[PDB]
Amino acid sequence: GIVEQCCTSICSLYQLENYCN
Amino acid sequence: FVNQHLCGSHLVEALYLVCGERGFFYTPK
Amino acid sequence: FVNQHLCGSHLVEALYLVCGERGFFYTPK
Amino acid sequence: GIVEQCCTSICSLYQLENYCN
Amino acid sequence: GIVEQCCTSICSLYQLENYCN
Amino acid sequence: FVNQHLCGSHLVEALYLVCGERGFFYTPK
Amino acid sequence: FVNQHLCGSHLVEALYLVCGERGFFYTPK
Amino acid sequence: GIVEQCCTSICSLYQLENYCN
Amino acid sequence: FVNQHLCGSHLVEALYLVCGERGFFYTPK
Amino acid sequence: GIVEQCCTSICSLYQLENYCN
Amino acid sequence: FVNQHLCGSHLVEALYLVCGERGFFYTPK
Amino acid sequence: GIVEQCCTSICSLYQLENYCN
């Protein structure tokens, strides 16, 4: 999940892209 | 954990800017 | 358009607060 | 959608709840 | 106070209602 | 504690959305 | 009205920063 | 109030201080 | 002017996210 | 500057990158 | 450290409001 | 740097002024 990946480690912009529709 | 809520409120705006017209889904649970 | 982008920026934050654990799907126009 | 409605009129908490999963 | 109740424990929307005028 | 300041900045927006026309008061001390 | 709501959303954040420990009362029009 | 003034003209830090407790 | 101030408020946040470690210089009109 | 361009048209991620150090 | 990123996102808006027409520079590294 | 001064200790508004152009 996004909470367990992007908030316990800093996510780069691309790592945010994975949750886009 | 309130810190989780704070970062989640930063994650939604990060998804909003990144996705744009595509849209995003936020599913912590 | 820009002001719609601004309102959507606040709209996702409002949705994040109101929904909470349930989450939401944000689809723009 | 959400942009068409809530960005033209102020949405009440129940209306925001309609967009929740 | 609000700092000692809503920030050391996650407050639901209703718990935010208590501080409204 | 800076973390206190960050959550307080999230608390004011939570009160703003919740209260609306009624208004809110923020009194940490 | 919506754009007033948007400005008030940024207005409370600006007041929170400027005031600090003193706090403030936010009464809308 | 605060909305009538600062949302029609940019408010300087002293004007924002006027709303502090 | 106010709405330009509002867009710049979101503009700096967008720049902060996009740039990251590099940083940026924000010069208004 | 940044205000003149991106506050009149939506700026793409590359355009925002142009303002990075 | 994500907490560093969160406060930095609060620091940029603090600089934006404080500086205004002068502008600000954000250089963590 | 700003990260080592204003985020590990709460900075007052004036402490934010130092990083203005």
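Lettered A, B, C, D, E, F, G, H, I, J, K and L in written order, each chain numbered from 1.
Note that in this section a contact is a pair of C-beta atoms (placed from the backbone, for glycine too) under 8 Å apart; a residue touches a chain by one contact, two chains touch by 3 or more.
Visitor: Could you figure out which pair among F-L, K-L or C-E mirrors the I-J interface, over half of its contact pairs being identical by residue number?
Guide: That would be K-L, since it shares over half of the contact pairs of I-J.
Visitor: More C-beta pairs touching across which pair, I-J or C-E?
Guide: Of I-J and C-E, it is I-J that has more C-beta pairs in contact.
Visitor: So what's the Cα centroid distance for chain A and chain J, whole Å?
Guide: One centre to the other, that is 24 Å.
Visitor: Rounded to a whole Å, what is the gap between the Cα centroids of chain C and chain D?
Guide: 9
Visitor: Which positions in chain D are in touch with at least two other chains?
Guide: As it turns out, chain D has residues touching two or more other chains at 7, 13, 21.
Visitor: Check each residue of chain I and list the ones that touch at least two other chains.
Guide: 2-3, 6-9, 13-15, 17-18, 20, 23-28 - these are the residues of chain I that touch more than one other chain.
Visitor: Show which residues of chain A lie in contact with chain K when the two form their complex.
Guide: For chain A paired with chain K, touching residues are 7-10.
Visitor: How about chain I: which of its residues touch chain A in the complex?
Guide: Chain I residues touching chain A: 17-18, 20.
Visitor: Which chain K residues qualify as touching chain A in the complex?
Guide: 1-2, 5
Visitor: Please name which positions on chain K make contact with chain G in the complex.
Guide: For chain K paired with chain G, touching residues are 13-14, 17.
Visitor: Under the stated contact criterion, what part of chain F meets chain K in this complex?
Guide: By the definition above, chain F touches chain K via 2-3, 5-6, 9.
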